[PDB]
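Here's the structure, in structure tokens; my notes come after.
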Amino acid sequence: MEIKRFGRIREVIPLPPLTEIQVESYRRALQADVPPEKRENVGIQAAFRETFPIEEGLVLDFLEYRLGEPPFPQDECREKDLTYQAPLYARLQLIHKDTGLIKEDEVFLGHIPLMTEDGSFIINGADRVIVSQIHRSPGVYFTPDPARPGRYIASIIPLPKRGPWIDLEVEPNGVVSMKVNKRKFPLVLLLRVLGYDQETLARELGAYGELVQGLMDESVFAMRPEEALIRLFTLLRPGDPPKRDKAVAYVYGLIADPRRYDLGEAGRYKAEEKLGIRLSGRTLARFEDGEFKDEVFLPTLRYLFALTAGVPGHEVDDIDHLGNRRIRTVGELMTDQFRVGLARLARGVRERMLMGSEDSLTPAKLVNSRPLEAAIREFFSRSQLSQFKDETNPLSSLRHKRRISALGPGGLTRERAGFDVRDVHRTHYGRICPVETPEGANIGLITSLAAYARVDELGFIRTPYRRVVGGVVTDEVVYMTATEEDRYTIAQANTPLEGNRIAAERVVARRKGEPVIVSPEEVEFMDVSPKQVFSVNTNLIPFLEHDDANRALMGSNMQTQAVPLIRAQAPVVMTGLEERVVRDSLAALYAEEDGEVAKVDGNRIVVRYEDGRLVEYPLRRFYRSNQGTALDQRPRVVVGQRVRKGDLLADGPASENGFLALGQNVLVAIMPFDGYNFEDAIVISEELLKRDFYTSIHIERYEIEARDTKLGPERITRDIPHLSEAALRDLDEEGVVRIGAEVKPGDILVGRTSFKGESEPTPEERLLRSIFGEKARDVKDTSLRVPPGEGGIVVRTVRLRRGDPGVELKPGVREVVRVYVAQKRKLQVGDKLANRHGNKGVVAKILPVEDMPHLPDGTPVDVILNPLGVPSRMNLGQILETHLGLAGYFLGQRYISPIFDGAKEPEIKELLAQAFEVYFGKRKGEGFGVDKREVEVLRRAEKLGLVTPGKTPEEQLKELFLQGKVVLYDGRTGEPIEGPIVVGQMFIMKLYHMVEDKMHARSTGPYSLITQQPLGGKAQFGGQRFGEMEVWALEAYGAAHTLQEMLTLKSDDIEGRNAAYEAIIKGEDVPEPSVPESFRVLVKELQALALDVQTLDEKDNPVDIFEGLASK
Amino acid sequence: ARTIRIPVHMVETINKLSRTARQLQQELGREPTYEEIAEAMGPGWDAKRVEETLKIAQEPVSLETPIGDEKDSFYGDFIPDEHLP
Amino acid sequence: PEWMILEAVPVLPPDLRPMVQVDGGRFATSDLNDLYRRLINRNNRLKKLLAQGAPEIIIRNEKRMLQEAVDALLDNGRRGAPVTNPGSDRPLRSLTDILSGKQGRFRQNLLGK
DNA sequence: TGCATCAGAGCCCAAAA
DNA sequence: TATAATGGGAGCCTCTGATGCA
Ligand SMILES: CC(=O)O[C@H]1[C@H](C)[C@H](O)[C@H](C)[C@@H](O)[C@@H]([C@H](C)OC(=O)C(C)(C)CC(=O)O)CC/C=C(/C)C(=O)Nc2cc(O)c3c4c(c(C)c(O)c3c2O)O[C@](C)(O/C=C/[C@H](O[C@H]2C[C@@H]3OCO[C@@H]3[C@@H](C)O2)[C@H]1C)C4=O
């Protein structure tokens, strides 16, 4: 079909590689493909250079590292619950400074996880994403002192964990104080340690009249730099003997040591630029020629005084400005943990270079890599920034990799965050999306990288702009940081152009984010596109300019939750980004070079290239994602087809011919329906199920271990005590359910026996067994069964024993069986649907086709959406989307309407007119005239001012069709709806929240160990939590016995809950409750605290709630 | 050092197994199997015995270990009670 | 008033600080057992140092270590550094922590279930 | 005696994991 | 059961009330 694209904006550059923030960060960090001599000092390399050489006369030096090849490919790691990783080795030379002896060896440091092609990791078999972390850039900032006006605080901030923060203040007493680790002292003392004299300080700061005297302290000047260093050490470190070598070591490590104190590389540049100096390194001072030599402090002190006096050119810094906030990407975070483990490894090395043999030592004997392996293993498994990959659909993972978190180690906590950080800063323009953020507690903490944004080497987000010189728009694009952007006047991307020339007398531009009207002579740059302001998810919302931001937010976020549908289609109204998302996602498969297709299968595609070489592409079929949606690729080409470089070969999941397909295009009527549409609920036609729209495949993994016990081995067997052949029917000889079997709740998946607890033969069971004459078996039935509410078709079984090639399990485990069960899920009542504009609702009613509202020519609608959802939400894009969708339904076409440069109303009306000709002119030739009911509707419509009175019925119907309204017949009555109704094609997705997953109920079940209260959650067969607020509700109702049940018979009252069950199965009423067991726990816990808790009667005599059991 | 106390001599064997396995991993460029450790340990050691030794050496984990979410759930809360009926 | 000083320290019933075998045959245990273990070890060492007539420096270090150990058991983190399990930053959960807070005994299991 | 400073006390629910 | 060895090592919000200060 035709695809008609609107908009006049020509984008000079395409979107960058969308996962480059991940892929490029880690590639730069490992530098695996660089030959060692050519590596720059960055990532792991920089870490090695930092840790080495490791001194005492033994000295160990670092030569170079190398990364091997992965022991197992990616697919294999996922299968075997392995980390996809490479062996890391380091060439080290041991030197004896006394002897000269040199032993050199390459020591094995363990493995490092490798990133896959799409920017994710495989850690213990599961796919994970490392989320970038936003934080305050290192540097020197000046903020106003909130308590005392006209005063300022100078804050020197290094990288997290790479040094202390310093605060410079001018105290009310007049002396300038320095704050380090919460202690204050006169800054003059520290200045004296650097070798400063009254002359130098007088000439430097003298310019500021009254302030320099606060620096002057006679007593401090009396002591020489040596005396001042010992004095300061005694101020900062009470008790510790102030040995001169000891003091230098401490202060050196605190200030001048590049190993213990690291400003960023971004920290260094920001300091150099702010104070107008050049730093020789990343430390606040140096140790040179035996003494301390200042670097930062005097320039920082100079700027602070100049600001307090109000000298022009000294400013406070906006700390939420995106010039002072930078991103720590995968490479930086991992390298940080690498550096920690490396420092720990050095402790072991130095400790081993004393207690060992001074003669026989290799580098292999000296180095223990366990600390290093643990730091990396800790980061990847347990870090907060290492997250279980979101792969519900391909857009999910692309979005996850492009996410920015302000949380995690070294960042904000969630309760400790006020408005300022969560705000949308003016500098977010083009860098962080203003729309895509969580609606809940995390709003503003979790954000998304903008579509055209890229992170530079220093970690600042940059966005592209086109240069405009004289008035001509060049094609040269400049990526700017927020700080540099503030210098220029930047015109909007839609400003009219004839050729490359600006065609308007007054243009809309920004100066430091402030919008201003300006002459073309004043225009320095221009936006690349509208797209650059928003995230990838937001850019997928057509007519976004017509949607209130609060609803666009939900629209963005919910596309992440879209389930891959077996019939999935791309939307009839696209934004033009839907091809790029699939291609960068790597879900879909494309041709490497030009060639001809040799073979096409469900499982594989063979392509013959220009070289003559025959390349085979295997296809991923029905694989289970982290969230249990089916990822499967389908071949879109045929044998003998000539393909070009980059032509589509196979469609990934949730893609249609290479376009992102998150849902279906359905025919919707906007109208109330008998209250089944009420309060965002949705009414749908049974026709959707009939043609398998909104049907999705889901796979669940079940697992069971057979292990060695002290009571004897668990065995996975088909021989299970007391089971009929009916119960075992679908189990094979070995006890595993057969592939292709249908399993329902209660069915056995894997048969397993466990040796009976050592108490086991109860005397009651002994007599019972004796009566029937069946020996009580030694083992009990522990078989894995289908949980309540689950089940499907068995598509896979994996069995792994001990002692079979290639497999070694965790200690004690004989064998592991995994069963993959698939289900085809038809849309049903309670499943959740949404569109891209933030309209979301649960399916409340499925009507038979004869009840569905229908057009005069007999076509029934698919979905009925209530109009009451539009006006309060103010998301009108869905309305425009429906109108253009109506034209396309009859014209047989789809559209690309870009965001903010889109199809406008007049253009949509033209298409609607051409459509009416097809919807109506066809009929007039077929020998049918206007309907009687169409006449009644036209009458009511002319009473509403929709149609012009006096025109023919055909003319009036067309007037309504240009308004997107049609005559609609109620399938129940046959009578029309008394008014014309908005009908068109809408793109609607079936989201990840499905009633099948959430429906849960419990009579009785598992209880917790200490509290004896029911466990939580559906997976444990838990009970619902009746919490503090629920009790209040029962209290306010005065329902004392209902509440008492919740607190006793229905929870941790053991005698009570036991007695209640027996009563109910006997038809008796439930008995009076007893003491809740968790109160007894409370009493004993208070006794453990040496508090005597006594229950008393009205006579103040003790009442024993333990019934004699705890008293002698 | 252990919540479950181990005889001093048995701790010596466990530590020997660690040193041995760590050496083996440093020459082999990967973690050794149970069988490779049994060779390195000399006579008397087969793969089964290396596994049994590792099982005894496992330290318990806290019931108070946090479970995802936020600071909202404990590991012990997900453990059913099999003793009380 | 002298009851505010402890001579005999109570020991909570074992099932309220359980040692249980989980699914894999692995053991999971309450933090209180480690807090008690620290206490017992230091107390026994104190008995031994006393019987062997150690200098006052040794006895004082031991006694102050003993107070801190009781402190960790009853309210950990209240005074001084919170006692943690090795290779974890997680403070061990003491009796005070069990009683109080959103996750404590009163609000979690008593005013709601 | 009237003012400052610091230690310690709190910071939504249910759901999930 | 014996060469001699002798002092550690690290860090990221508001209200209310007691405590220590002119
Ligand atoms: C076990 C696990 O993977 O869960 C992970 C991970 C979020 C998810 O699973 C999954 C990738 C999920 O993102 C998608 C999925 C569809 O989920 C959802 O739809 C819901 C609605 C449920 C999301 C929700 O409501 O939570 C949806 C994403 C959509 C949006 C708008 C989003 O941005 N959400 C989101 C939600 C969060 O809360 C955090 C978060 C955090 C950091 C640094 C983040 O950036 C977070 C984040 O971005 O610090 C905190 C205190 O704790 C962090 C706890 C957990 O991290 C593990 C990481 C390691 O795993 C084992 O040890 C480690 C330990 C640290 O816990 C979280 C981070 C924390 O709250």
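Cβ sites come from the backbone with ideal geometry, for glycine too, and all protein chains shown count toward neighbours. Rule-based calculations on the coordinates, nothing more; no lab input.
Exactly one residue out of B:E12, B:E31 is away from DNA strand D (no atom under 16 Å from the Cβ), out of contact with any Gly (no Cβ under 8 Å at 6 or more places or on another chain) and in a helix (DSSP H, G or I), and it is B:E12. Looking across the stretch A:65-109, the residues that are farther than 19 Å from A:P36 by Cα, part of a strand (DSSP E or B) and more than 31 Å from the chain's Cα centre (by Cα) come down to A:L94, A:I95, A:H96, A:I102, A:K103.
Evaluating C:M65 against the criteria (1) within 14 Å of another protein chain (Cβ to nearest Cβ); (2) farther than 16 Å from B:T65 by Cα leaves one unmet condition, (1). Contact map, the stretch A:153-182: first residue closer than 21 Å to A:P409 by Cα and more than 14 Å from chain C (Cβ to nearest Cβ), second residue assigned to a loop (DSSP other than H, G, I, E, B) and within 16 Å of the ligand (Cβ to nearest atom), Cβ cut-off under 6 Å, separation 6 or more or different chains; pairs are A:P160/A:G410. Pairs only if they're at least six apart or on different chains, beta carbon under 9 angstrom, first in the stretch A:375-388 and among the hydroxyl-bearing types (S, T, Y), second part of a loop (DSSP other than H, G, I, E, B) and within 16 Å of DNA strand E (Cβ to nearest atom); list them, first residue then second. Sorted first by the residue in the stretch A:375-388, then by its partner, the pairs are A:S383/A:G408; A:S383/A:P409. Residues being surrounded by 21 or more Cβ atoms within 10 Å (Cβ to Cβ) and farther than 18 Å from A:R162 by Cβ are entirely absent from the stretch A:250-258. As a summary of the residue check, A:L94 satisfies the conditions (1) more than 16 Å from DNA strand D (Cβ to nearest atom); (2) within 14 Å of chain B (Cβ to nearest Cβ); (3) hydrophobic (A, V, I, L, M, F, W, C) except for the one numbered (2). Within the stretch A:407-425, take every residue that is more than 8 Å from the ligand (Cβ to nearest atom) and either touching a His at 6+ places or on another chain (Cβ under 8 Å) or under 24 Å from A:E578 (Cβ atoms) (or both) and give me the one that is nearest to the other protein chains (Cβ to nearest Cβ). The selected residue is A:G410. B:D72 fulfils the conditions (1) under 30 Å from A:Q1013 (Cα atoms); (2) within 10 Å of chain A (Cβ to nearest Cβ); (3) loosely packed, with under 15 Cβ neighbours inside 10 Å except for a single criterion, (2).
So which pairs qualify, if the first residue must be in the stretch B:52-69 and closer than 13 Å to C:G24 by Cβ and more than 9 Å from every other protein chain (Cβ to nearest Cβ), the second must be exposed (fewer than 14 other Cβ atoms within 10 Å of the Cβ) and acidic (D, E), the Cβ gap must be under 9 Å, and the two must be at least 6 apart or on different chains? Once the first residue is closer than 13 Å to C:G24 by Cβ and more than 9 Å from every other protein chain (Cβ to nearest Cβ) and sits in the stretch B:52-69, no partner that is exposed (fewer than 14 other Cβ atoms within 10 Å of the Cβ) and acidic (D, E) comes close enough.
Restricting C:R60, C:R37, C:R26 to residues that are more than 10 Å from every other protein chain (Cβ to nearest Cβ) and not acidic (D, E) narrows the list to C:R60. Here A:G984, A:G1027 are screened, and the one residue that is closer than 30 Å to A:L660 by Cβ and surrounded by 13 or more Cβ atoms within 10 Å (Cβ to Cβ) is A:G984.
The single condition among (1) more than 16 Å from DNA strand E (Cβ to nearest atom); (2) in contact with a helix residue (DSSP H, G or I) (Cβ under 6 Å, 6 or more places away or on another chain); (3) away from chain B (no Cβ under 13 Å) that A:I404 does not meet is (2). Only a single criterion out of (1) within 16 Å of DNA strand D (Cβ to nearest atom); (2) surrounded by 15 or more Cβ atoms within 10 Å (Cβ to Cβ) is not satisfied by C:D31, namely (1).
Taken together, the residues in the stretch C:71-87 that are surrounded by fewer than 16 Cβ atoms within 10 Å (Cβ to Cβ) and either closer than 25 Å to A:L1043 by Cα or within 10 Å of chain A (Cβ to nearest Cβ) (or both) amount to 1.
For (1) near DNA strand D (Cβ under 10 Å from one of its atoms); (2) outside any loop (DSSP other than H, G, I, E, B); (3) at positive phi, each residue gets a yes or a no:
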site: C:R79; (1), (2), (3): yes, no, no
site: C:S88; (1), (2), (3): no, no, no
site: C:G101; (1), (2), (3): yes, no, yes
site: C:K113; (1), (2), (3): yes, no, no
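Residue pairs whose Cβ atoms lie under 8 Å apart, sitting 6 or more positions apart in sequence or on different chains, and linking a residue in the stretch A:395-417 that is at positive phi to a partner that is within 13 Å of DNA strand E (Cβ to nearest atom), are A:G410/A:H135; A:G410/A:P160; A:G410/A:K161. Of the residues making up the stretch A:545-561, those that are among the aliphatic types (A, V, I, L, M) and either touching a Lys or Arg at 6+ places or on another chain (Cβ under 7 Å) or in a loop (DSSP other than H, G, I, E, B) (or both) are A:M554, A:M558.
For the stretch A:110-133, state whether one or more residues are within 14 Å of chain B (Cβ to nearest Cβ), buried (at least 18 other Cβ atoms within 10 Å of the Cβ), within 19 Å of A:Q387 (Cα to Cα) and within 16 Å of the ligand (Cβ to nearest atom). Yes - at least one qualifying residue is present in the stretch A:110-133.
Taking the stretch A:353-451 and the helices (runs of 4 or more DSSP H) fully enclosed by it, the elements with 1 or more residues that are more than 16 Å from DNA strand D (Cβ to nearest atom) and within 12 Å of the chain's Cα centre (by Cα) are at A:394-401. Considering the conditions (1) more than 9 Å from every other protein chain (Cβ to nearest Cβ); (2) farther than 30 Å from C:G104 by Cα; (3) out of contact with any helix residue (DSSP H, G or I) (no Cβ under 8 Å at 6 or more places or on another chain), B:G29 is excluded by exactly one of them, (1).
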